[PDB]
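Here the structure is laid out as structure tokens; the discussion comes afterwards.
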Number of protein chains: 2
Amino acid sequence: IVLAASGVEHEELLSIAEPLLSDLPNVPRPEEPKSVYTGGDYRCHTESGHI
Amino acid sequence: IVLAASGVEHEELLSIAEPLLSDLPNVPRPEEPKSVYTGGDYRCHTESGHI
């Protein structure tokens, strides 16, 4: 998680977000899944109601 | 057009069906269309309410 402000001086948002967002428990980020690039082909002629 | 009967004497059937079909005009038969075999592939998933 990450906040991001575009018009807020840092002290305001920090003093506001510390009391609320400091309670989330600590857990180590699981690894990312795996994707590979392969060839392929896909095909679907439009509906006969459009031909 | 061809008439095919299973349990009928030929002469009676011919006598009945001669006055009705003999009047059709004669015309050369059009040449049969053609199709050449071509290996291909087809895929289409079922409606996704039944997976």
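Figures for the structure shown
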| read-out | value |
| --- | --- |
| Answer from A:24, A:20, A:3 - the residue that is in contact with a helix residue (DSSP H, G or I) (Cβ under 9 Å, 6 or more places away or on another chain) and farther than 30 Å from residue B:46 by Cα | A:3 |
| Which numbered condition residue B:28 misses (of (1) in a helix (DSSP H, G or I); (2) within 18 Å of the chain's Cα centre (by Cα)) | (1) |
| Positions within region B:36-50 being away from chain A (no Cβ under 13 Å) and among the aromatic types (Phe, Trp, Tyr), in sequence order | B:37 |
| Hey, residue B:8 farther than 30 Å from residue A:43 by Cβ and of a type outside the set (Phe, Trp, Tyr) or not | yes |
| Selection status of residue A:17, surrounded by 10 or more Cβ atoms within 10 Å (Cβ to Cβ) and of a type in the set (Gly, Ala, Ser) | yes |
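Values quoted throughout were computed directly from the atomic coordinates according to the rules given, and no laboratory measurement underlies them. Please note: Cβ atoms are built from the backbone with ideal geometry, for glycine as well, and neighbour counts cover all protein chains shown.
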